[PDB]
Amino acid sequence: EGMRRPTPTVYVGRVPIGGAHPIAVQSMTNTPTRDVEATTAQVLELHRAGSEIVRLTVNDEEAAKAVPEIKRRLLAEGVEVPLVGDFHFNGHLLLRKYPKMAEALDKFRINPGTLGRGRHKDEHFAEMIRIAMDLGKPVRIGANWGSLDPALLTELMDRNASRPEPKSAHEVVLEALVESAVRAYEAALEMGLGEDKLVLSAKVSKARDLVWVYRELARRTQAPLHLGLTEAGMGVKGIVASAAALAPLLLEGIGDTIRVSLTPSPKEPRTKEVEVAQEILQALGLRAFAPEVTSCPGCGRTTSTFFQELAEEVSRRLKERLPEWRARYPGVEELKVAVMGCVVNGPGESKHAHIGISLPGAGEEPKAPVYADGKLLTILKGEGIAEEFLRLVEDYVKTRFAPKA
């Protein structure tokens, strides 16, 4: 778009991850995995909302035993969404003990910071890779600075201490995180895990750090990169931090799949993080999921209640019509609609949309121009402007995005 950083293709189930493929949205469940009903339902829900890949924790024996049945229930519904198993501390134990789960999973996640501490640490690593290789499973090697390999930090602390100009302890923590991921990645390649089976990540919780980190990742490896700002937080803060962190990197062509790590409000659904990941990619023109509305903030030049109501109804109708438009009209995901408050930027901004309307603001003739494909399509006056506009959009979508050839 672009342009994309070159990487081999990693297939997570039927979903290809890589530089020649769309950046894939994924998310993670928060149901107890031992609860097959709750976990199956949420996987469905996340998949429904647009999660192309879904991760779940496989944290103990009960969780592992449920994974085949969850996978069974998804398949019985024709739901071929890929499951990634999240493993910490005991990943080698469960995968060994439970081969039906290892087989059920479509990808394993390994954290090089939660393997175990020492010389059995390598064995756990090697066991997990071996099982992936025997089954032909892809692996994510994912570092996270909340669980940084202490031995590596020490080693780089030692290294940095004797540089002619030592770097800051903070910069060294980052170095050590990158180094954890890269060295684990290179160890897996040395064991013979194919380039087409290995995804990397190395997450931190501050936007400025994360850009540093993934720039080094991209520089030092060829692997597709899983990008996210971990422990993003709640509400507006969590949404903003996630977007601000990922955007500079994505605009640089770094990132091949993303997850947004929002803390849900108790009154919020787990599908919200999917919404955010989608809006990030679409805002950067890197994906198109669903029609969008470009609207002005409204100011003293337009009637506030009228305007905000019109903008809200247009966005709700688009969302309403989307399930039908997907089936009927292929390509409708790229639809861009404008709703503007007055003649200052109304017409101009409307012409940058597929279709748009500007209301007459203060000082203006009581008319509301509608533009389509850059030129005046018609002029609305009177009551029922919202529904009139939405009829124009409906016909527009039918015409521009109709199936052809």
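All residue numbers are counted from 1 along the displayed sequence.
Higher average CA B factor: 190 to 198, of the stretches 190 to 198 and 244 to 252.
Once the C-alpha B-factors are averaged per stretch, 202 to 210 and 156 to 164 rank with 156 to 164 first.
The entry lists C-alpha B-factors for 73, 220, 259, 109, and the highest of these is at 73. For the set 181, 83, 131, 151, the PDB entry puts the maximum C-alpha B factor at 151. Placement of the Cα temperature factor of residue 226 within the chain: lowest third of the modelled residues, per the deposited record. For residue 36, the recorded CA temperature factor ranks within the middle third of the chain's modelled residues. Annotation for residue 325: C-alpha temperature factor in the highest third relative to the rest of the modelled chain, per the entry.
Per-chain ranking of the deposited C-alpha B factor places residue 124 in the highest third. Annotation for residue 50: C-alpha temperature factor in the lowest third relative to the rest of the modelled chain, per the entry.
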